[PDB]
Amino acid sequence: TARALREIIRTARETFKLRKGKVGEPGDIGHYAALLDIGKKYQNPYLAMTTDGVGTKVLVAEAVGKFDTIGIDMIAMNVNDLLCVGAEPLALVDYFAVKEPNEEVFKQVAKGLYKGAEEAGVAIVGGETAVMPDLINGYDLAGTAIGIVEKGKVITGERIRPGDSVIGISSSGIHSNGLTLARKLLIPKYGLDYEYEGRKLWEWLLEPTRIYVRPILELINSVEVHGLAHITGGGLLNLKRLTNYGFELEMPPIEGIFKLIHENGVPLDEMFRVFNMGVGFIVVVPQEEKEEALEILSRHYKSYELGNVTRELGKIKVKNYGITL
């Protein structure tokens, strides 16, 4: 157990230098709890806290025997959520509930934790490993991330108004939602090795979740932002968390694993409420800032002018697919 944990512990320590000299630097003293130096850079700060797991994507990792990217998924889900209040991610703790202390599994998990932490700019400051074979049939990974945002700079969605521009940033793929549906629909029929548009089914299902920290932090530092939505459970329904105004959108072509799922009988109205459908993060900006917002985001990832916020209330119209959510 401790021997398996050594790989995670040593990797976590290597991420401390990501917050060296910055807000959130780990104190690295004492025991039982991690310490983060809040500092005085932020005059009147709010602390932002999120909690997110990977989901049954970890069952795909276990099936194929490739565990070196689920740490990226866990970190991505948490830090991408933190962005949605306008916070800069600082640090993360992991909850790792496992059926056995398999040292090879833990070593691989640590590799992805390090890569995800590097990309998100966060230190992994502690966590808990619970070996519970009676309770866990596999390797469950979740976490809690902490960020910081100035009072007065919190982005809630309250400033969203009709006419605002809606911009989508491409996902890397399926990310970490809808895997239960995808696993049940596709794996018995096709097999994990099935080749679809140049990639095996398991590669489509295990593609690591994209991390949006760098584009979004650059965006909020450069333009006024009215809303930020990480596209997770519920798909486009997450936009309704930001505002009661409506949306009229043109969504990107249905491609990759989403096309295969649709071709296996899942209707589009359901797909847009389950899968990210190619858009992993959506920003809402005053229409005056649309061009500059799209240019900042496009420097990092393929991004899309999706549409507008509408005076019509509550509805999400995906116009090029004839769908209303």
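The numbering used is simple: start at 1 and walk along the sequence shown.
For the segment pair 281-289 and 23-31, the entry gives 23-31 the higher mean B-factor, averaged over Cα atoms. Higher mean CA temperature factor, per the PDB entry, when comparing 249-257 with 227-235: 249-257. Based on the entry's C-alpha B-factors, the most elevated value among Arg199, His175, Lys99, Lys115 belongs to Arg199.
Across the options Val149, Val131, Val105, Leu82, the residue with the most elevated CA B-factor in the record is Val149.
In the deposited entry, the Cα temperature factor of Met77 sits in the bottom third of values across the chain's modelled residues. Per the deposited record, the Cα B-factor of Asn276 falls in the lowest third when ranked against the other modelled residues of its chain. In this PDB entry, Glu158 carries a Cα temperature factor that places it within the highest third of its chain's modelled residues.
Sort the modelled residues of the chain by CA B factor and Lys189 lands in the middle third. Residue-level temperature factors show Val60 in the lowest third of its chain, judged at the C-alpha atom.
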